[PDB]
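Tertiary structure, described
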Amino acid sequence: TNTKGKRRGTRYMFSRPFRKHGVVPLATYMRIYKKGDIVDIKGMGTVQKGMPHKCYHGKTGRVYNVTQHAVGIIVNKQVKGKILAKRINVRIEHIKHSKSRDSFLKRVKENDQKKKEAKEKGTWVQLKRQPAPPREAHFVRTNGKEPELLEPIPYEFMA
Amino acid sequence: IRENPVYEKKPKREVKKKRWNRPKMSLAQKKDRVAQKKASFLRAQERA
Amino acid sequence: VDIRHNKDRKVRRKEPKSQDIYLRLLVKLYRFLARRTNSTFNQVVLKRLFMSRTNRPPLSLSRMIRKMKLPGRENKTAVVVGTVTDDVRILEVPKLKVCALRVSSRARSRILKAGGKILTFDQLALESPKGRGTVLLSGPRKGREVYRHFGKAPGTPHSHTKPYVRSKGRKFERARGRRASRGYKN
Amino acid sequence: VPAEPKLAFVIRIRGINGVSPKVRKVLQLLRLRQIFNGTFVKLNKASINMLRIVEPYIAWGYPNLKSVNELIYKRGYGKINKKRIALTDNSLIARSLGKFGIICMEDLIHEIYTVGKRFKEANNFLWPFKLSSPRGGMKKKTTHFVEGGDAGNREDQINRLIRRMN
RNA sequence: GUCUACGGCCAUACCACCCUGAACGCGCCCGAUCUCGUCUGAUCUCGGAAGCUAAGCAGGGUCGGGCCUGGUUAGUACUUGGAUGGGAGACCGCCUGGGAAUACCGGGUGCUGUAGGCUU
RNA sequence: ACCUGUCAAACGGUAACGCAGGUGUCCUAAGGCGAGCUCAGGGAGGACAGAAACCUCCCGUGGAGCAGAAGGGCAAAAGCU
RNA sequence: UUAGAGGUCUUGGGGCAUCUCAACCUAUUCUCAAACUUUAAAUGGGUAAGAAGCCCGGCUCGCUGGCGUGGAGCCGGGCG
RNA sequence: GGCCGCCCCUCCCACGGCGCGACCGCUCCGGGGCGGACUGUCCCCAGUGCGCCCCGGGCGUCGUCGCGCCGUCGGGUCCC
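Okay, so let's go over this structure.

1. A few points about the packing of helix α3 (residues 65-75) of chain D against helix α7 (residues 158-165) of chain D
Residues and elements named next belong to chain D.
- For the pair α3 and α7, interaxial distance at closest approach is 10 Å and the crossing angle is 20°. On the basis of their axis angle, the class for α3 and α7 is roughly parallel. Between α3 and α7 the crossing geometry is left-handed. Counted together, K66, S67, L71 and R75 of α3 and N159, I162, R163 and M165 of α7 form the full contact between these two elements.

2. Side note on the protein's contact with RNA strand G
Residues and elements named next belong to chain A.
- Close to RNA strand G lie 20 residues; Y12, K34, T60, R107 and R129 are nearest.
- Of everything in RNA strand G that lies within 4 Å of the protein, sugar and phosphate atoms constitute 76%.
- Residue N76 places a side-chain N or O atom 3.0 Å away from a phosphate oxygen belonging to RNA strand G.
- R129 is positioned such that a nitrogen or oxygen atom in its side chain is 2.9 Å from a base nitrogen of RNA strand G.
- Elements supplying a minimum of two residues to the surface near RNA strand G: β1 (38-41) and α2 (99-121).
- Of all the elements, α2 adds the most residues to the surface near RNA strand G, at 8 residues.
- Tallied by class, residues from the surface near RNA strand G come to 5 nonpolar, 5 polar and 10 charged.

3. Observations concerning the arrangement of the chains
- Highest in contacts among the 2 pairs of chains that touch are chains A and D.
- Regarding chain A and chain B, the two do not touch, and the least distance separating their C-alpha atoms is 30 Å.
- Nothing in chain B touches chain D, and the closest approach of their C-alpha atoms is 45 Å.

Rules behind the numbers
Residues numbered from 1 in each chain as written, not as in the entry; some residues may be left out. Chains lettered and ligands numbered in written order. Part of a larger assembly, values for the part shown. Heavy atoms only, no water. Axes fitted to C-alpha atoms, helices over the stretch in contact; angles between N-to-C directions. Helix = DSSP H or I, 4+ residues; strand = E, 2+ residues; numbered from the N terminus. Parallel < 35°, antiparallel > 145°, perpendicular 65-115°, else oblique. Left-handed = near helix turned anticlockwise from the far one by under 90°. Contact = heavy atoms within 4.5 Å. Near = heavy atom within 4 Å. Polar contact = N/O pair within 3.5 Å; in protein donor to acceptor, adjacent residues only side chain to side chain. Nonpolar A, V, L, I, M, F, W, Y, C, P; charged D, E, K, R; others polar.

Take a look at the structure:
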């Protein structure tokens, strides 16, 4: 069997990207994480403190605690047929804000304002998303130009 | 300093915009320069 | 075809496991009421008549007084599918109209001495066939000893569940696993 | 170029032995739990990608007005109080679907065919059709239609198959 | 049109060499009494203001290297799903969907935030 | 009983007396903090001096070092004083 | 890890003022990697797709603090 | 009573086609005068783009606006 070491098989997942080694950019320390917001966990090998375990790399959870340098996260982990909400402490360098939540919060805003505009204008507007409908009927003009006739090419044995 | 520390900003003066630096050459200029440098080399080697 | 059958049969009581003929007559009465009346009160009472004794815990007199003193509950009938027991920690009993399957002798004396009325479920049907003006009460269902032993195992970190212990003392399951000085304490 | 069709009829053509877990899940979302069961499916990018998962297990296409008529009239049943009830009177449709404006078998046929608002309710009301075996046989159940088989999207040929199974 | 102090993103910003730099500034520069530190006032620290844009720095240039971006490579390589397809095998073709990477060929060569100057 | 890379099929997990290896220690500093420096290597020079002594300038993205194996990480660093 | 080519400091060698080889450098070229990689799929894994939401008004704090700061908590109201 | 059945007609709308103008955006295969850079034909030379500046041409999916004309088992409880 193989070892139970904590960083076994993290040769590439905790390595820095090509020509992106060196000093950690300072805006990562300036990002502000409040209680209740959703963060992506991505371990950085430049900082060895507060490092998430490899099973949480690529996982997304929400902040439940804020400390001086770290953040507590409630992250779902699948364990042999059951999913449990783990609580892990990760330093700030290994997390970033999740853009999926930001997109949804924007859509709530444009929905509420479109309701207010619709009520004030006495109209009805579509607010639910819809899957890509079947393409509508349309005309295609030839512009007096015949379609080009394609034909399979003969076989040639190259080098 | 203790009696009057407030700073009065120097009043902005409108001035004529005069370029003190060279603007970047365009693609046409760069390509033309190679064309005449090539032609001069051919002409000079033909004369000699 | 392409279905599962392990949950087809719902496990619930459709009749009392009891052979008590008097309970069987009330089940006959409230089976008719649940069918021919749109009242959901008669449906709830019918279910509780089927239920076992552990699912019909005794209702203390003090708790019924607590729940019948809440605002808007005046001149309503307290309905208990179960036993009404006496609480000696209550010293003043107001007037209550209580319907129950069983009432202990001391509880019945205290309720009647206060000016209240005790009804059976056949008199409740005659007075309120729909269940109007009633407060449907229940005893604490998890208020018995077996539930102190249930749940997360005692030898598991954040568990406060009672172990099954033959006798209580310093020498009975207190050393290793319950103490940092003896192995560990989770 | 006509508008690409909005309605599909999907027939399960395979049995329930040795089905992969993902294909099994999609088939019960389409309510095709039995072989030669059929249903109408509204076509959009969400549903089409579902039909691509179960392609070897289904034979689907674009029904015409006669197909939707014969299916609903001859073996069309309703899901009334979780029961499979034959559509013998218009009262059964009106009691379950009349709040949406569907009160007769003609409204339900118009609702399915000219798919629009309330297609979800009208189609879910219909019990999944229990079609017979195709009279005349099949070509090859294990191969796609464009290879001389049975599976996949036979776009307009589905009506030939419906005439033989209904 | 530019600079300075502090920065954000960290080469479209780097590297090599050439040209130009008004005014403020930034420097090079002069000196060692004090503060401070050295084998050495070279560096560091301090006190300056005779000279200079030679250097740093800024802008531009190069059929420049690199970098960024796009074509091509190519519906190629690979790949989800399918068949009582082929082939002795090695492997290959088709149906249903996804779909790259060199060489090669083009275009570009920092944007910007706060505060304070010059272009009078 | 443990650790590194791979196996391992780009989340995690994954076997064989599979492959390549390491461990039962070592350190009052090689723990902690601050300051100041830049390493391997190469080119060109300088009395004895030469392929290798020490001095000086230049180039140097780390190709050195960070005690133990390996992987990751690191430059007015985590390296040296 | 294969082969030619163009230059030269050569603590290099050989045949003989030397001249060819070897060495080094530069620009090319053939072939490769489970324990190599700038690049990089398909199929994967995580999260989200609202009433436990959104938007107004107020109160509490011993935490934080240039501040009417910030953060959290609590009490009302409106919006399907 | 209404509609459809054949003839001058009649209005609006939809789809398609054909032209005519106006407006807008990109472009030069373009012209004319104002400043910067380029060339081993550089003084008499020869080019290269850039700002205002109005004429000329093209494209815009065949842009927007209208105007006409042609087609429809077209639509208007089959318009009047």
